[PDB]
Amino acid sequence: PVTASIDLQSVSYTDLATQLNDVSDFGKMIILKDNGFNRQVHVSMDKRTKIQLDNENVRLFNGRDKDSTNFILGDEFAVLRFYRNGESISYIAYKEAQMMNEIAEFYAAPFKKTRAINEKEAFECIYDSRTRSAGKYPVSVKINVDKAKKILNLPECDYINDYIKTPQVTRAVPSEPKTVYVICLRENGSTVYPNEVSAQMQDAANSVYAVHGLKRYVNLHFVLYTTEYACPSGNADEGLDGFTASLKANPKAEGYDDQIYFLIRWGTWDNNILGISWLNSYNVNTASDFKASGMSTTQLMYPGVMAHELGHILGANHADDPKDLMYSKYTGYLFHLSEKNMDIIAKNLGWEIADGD
Ligand SMILES: [Zn+2]
């Protein structure tokens, strides 16, 4: 048996799909290669999280913790994200030639303002060298997000006061995890990109499961569709008030008032604000009245914003450690470190310390 491999110098949608679709319930060793770079990862299907984007099914895959590697697969796109030298790198491949060209143009465009000779380390269109004809269209893009911000001299977005505090409202580990829907609603007039949205959802889900063995208690089911609602101004607080009001006012949403809701967009709000949520608004026993709602950017350059806002929804406050997901400034980290926050989030999902981790 020769070990399955993915050549990142030529990685296409069909490469990722064929390899990931071969992953069984017992997992599969896959070698990631990039010229001299070589990493063996053990990949498994993520059975905890379901995603539909406008009814399109998206599957997630995980490496081991030591592998530092995540995958996303839809019919239309696939993503490999992993870390090298402590920097997050995404390979993004769309199946359809025209969509892939469009996506490559979209990601390339911001780098045409200013050019560096190290640009390739931040952003690269990947071409199929196996087509010795010499592929004209790229088959994927590679983006090093940490490096990309440095070249782009981005205007730095942040949280500021990104939550609003509201009045406050036998038990064992459940026989099956409780399904909690996270209903993500594409803001009227927003374009969001499937690879970007699913990456936010994956990081949000994984931030929960990493805490107190919470997969025992909850399995998150993300769905995305479009809402007629759009924020009336640039202000995040006013936007969130209107969004929650839009849910309550919609006869279509009657009977789903106990789920979690995000208004999503690609852009940000006034004061370069990344998102906003109602603090401590979801509890598995008392969830009601569309209280568990928030708003989030989904752009690639700000990974973990949805995770951070979901953190607030589940009760997490800002943490003191700059490496915490819940730090008060955006720092790109994707896990809760605060024991106080972990206990709050876990309790709201049905855990108590006697259950262990
Ligand atoms: Zn915050």
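All Cβ positions, even for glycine, are placed from backbone atoms using ideal geometry, and neighbour counts span all protein chains on display. Each reported figure results from applying straightforward, stated rules to the coordinates on display, with no laboratory input.
Pairs from the table (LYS28/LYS323; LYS165/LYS248; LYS28/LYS149; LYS142/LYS323) lying more than 22 angstrom apart at Cα are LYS28/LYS323; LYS28/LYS149; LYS142/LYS323. Would you tally the net charge around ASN235, using a Cβ to Cβ cut-off of less than 10 Å, leaving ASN235 out, and scoring K and R as +1, D and E as -1? So the environment of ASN235 carries a net charge of -4. Semi-axes of the equivalent ellipsoid of segment 1-153 are 25, 18, 17 Å, computed as sqrt(5λ) over the eigenvalues of the C-alpha gyration tensor in descending order.
The HN-Hα couplings worked out from phi for segment 68-81 by the Karplus form 6.51 cos²θ - 1.76 cosθ + 1.60 (θ = phi - 60°) are 6, 8, 10, 10, 10, 9, x, 5, 9, 7, 9, 9, 10, 10 Hz, whole numbers, x standing for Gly and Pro. Computed about its Cα centre, the charge dipole of segment 1-153 is approximately 500 debye, with only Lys, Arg, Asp and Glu carrying charge at their Cβ.
The distance from the alpha carbon centre of segment 125-149 to that of segment 58-84 is 18 Å, rounded to a whole number.
Shown here: the chain, whose C-alpha atoms stretch 65, 47, 40 Å along the first, second and third principal axes, sorted largest to smallest. The residues neighbouring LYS347, those whose beta-carbon lies less than 15 Å from its own, together hold a net charge of -1 under the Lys/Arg +1, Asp/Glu -1 convention. Here r is the Cβ-Cβ distance between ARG115 and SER5 and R0 is 41 Å; the resulting FRET efficiency, rounded to 0.05, is 0.80. Binning the alpha carbon pair distances of segment 205-301 at 5 angstrom intervals from zero yields the distribution 2, 12, 20, 24, 20, 14, 7, 1, 0, expressed in whole percent. Only helical runs count toward this figure. For the chain, summing -39,500 (n - 2.57) over DSSP H runs of n ≥ 4 and dividing by all residues gives -6500 deg cm²/dmol at 222 nm. Remark: segment 176-181, residue by residue, has Karplus-estimated 3J(HN,Hα) of 9, x, 6, 7, 10, 7 Hz, where x stands for each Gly or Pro and the curve is 6.51 cos²θ - 1.76 cosθ + 1.60 at θ = phi - 60°. In a simple Cβ point-charge model (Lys, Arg +1; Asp, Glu -1; nothing else charged), the chain has a dipole of about 860 debye relative to its Cα centre. Distance between the pseudo-spin-label points of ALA354 and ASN101 (7 Å out from Cα toward the beta carbon): 6.4 nm. When +1 charges are put on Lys and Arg Cβ atoms and -1 charges on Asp and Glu Cβ atoms, the dipole computed for segment 1-78 relative to its Cα centre reaches about 380 debye. Placing a label point 7 Å from the Cα of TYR181 along the Cα-to-Cβ direction, the residues of segment 248-269 whose backbone N falls under 17 Å of that point are 248-264.
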